[PDB]
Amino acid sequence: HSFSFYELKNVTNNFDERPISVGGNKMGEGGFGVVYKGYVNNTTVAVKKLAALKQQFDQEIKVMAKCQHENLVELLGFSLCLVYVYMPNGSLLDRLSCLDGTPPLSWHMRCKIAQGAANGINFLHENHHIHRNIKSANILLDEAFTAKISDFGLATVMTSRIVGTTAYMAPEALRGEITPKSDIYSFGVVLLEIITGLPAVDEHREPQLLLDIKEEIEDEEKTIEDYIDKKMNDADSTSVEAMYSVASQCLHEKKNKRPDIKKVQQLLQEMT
């Protein structure tokens, strides 16, 4: 579908730069532009205006064309700007940390969300794409807490253009390799946030990289029961352990000893 540049301008209040907490329209910055909240019809949307070019814009509609799925954020139209379905429960990161007073997701909800996201990735790999920026601030959540994977701003194969989010990137990606096995790794870190509710990196914490607690647990310096998010009363040891063992595997260092995303679909489905 196609939108008017005049329309988008006025339903976002001439691109009101103020944060929505203040009463403006600025939902965030990312994906190589700023994201404003808009009202088209009697429905809310996400309007992205681009900023540090045309190359990045035409590609986003190329990748969005092939890949539409229940657990990917659906594009609606274009214009220079872009338009997405609006996810009013925000990022999984916002929810895992109860940003702004929201109540802690239950274990059941978290399990549904993992399974959900993992279907998103399986769809991208089925259709031979690599996300290259899987992280919990790019897993958005709609009115039903369905997982919707956002920011496709990056969607042997080498490169001198190394990019991603270092707290989440796998070792082979840090060096420049582009492979689906890297998305599994990053997805492994997203699982550890869901189990623990802790950030993937924290300057004032030991270990600073969440992905390091895995070593602490192999060396039996700790047990999973020590990192489990305590802001939740329906988690059972059995299925928590089972999810961890999946996180752990996505986290192997040798890219070929990692599970493909279809085997993650099973291990998580077999978890309920």
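Numbers follow the displayed sequence, beginning with 1.
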{"query": "Chain break class at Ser79/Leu80 - deposited residues not modelled", "finding": "4 to 9"}
{"query": "Interresidue gap class [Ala52, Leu53; deposited sequence, unmodelled]", "finding": "4 to 9"}
{"query": "Between 122-130 and 181-189 (mean CA B-factor, as deposited), the higher", "finding": "122-130"}
{"query": "Segment of higher mean CA temperature factor, 64-72 or 235-243", "finding": "64-72"}
{"query": "Per the PDB entry, maximal CA B factor within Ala155, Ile195, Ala173, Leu141", "finding": "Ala155"}
{"query": "Per the PDB entry, maximal CA B factor within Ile228, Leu209, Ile217, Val40", "finding": "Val40"}
{"query": "Ranked against its chain, the third holding the CA B-factor of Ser248", "finding": "lowest"}
{"query": "Within-chain third of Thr102 by Cα B-factor, per the entry", "finding": "lowest"}
{"query": "Modelled-residue ranking by C-alpha temperature factor, third containing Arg161", "finding": "highest"}
{"query": "CA B-factor ranking of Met87, expressed as a third of its chain", "finding": "middle"}
{"query": "Cα B factor band for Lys222 (lowest, middle or highest third within the chain)", "finding": "middle"}
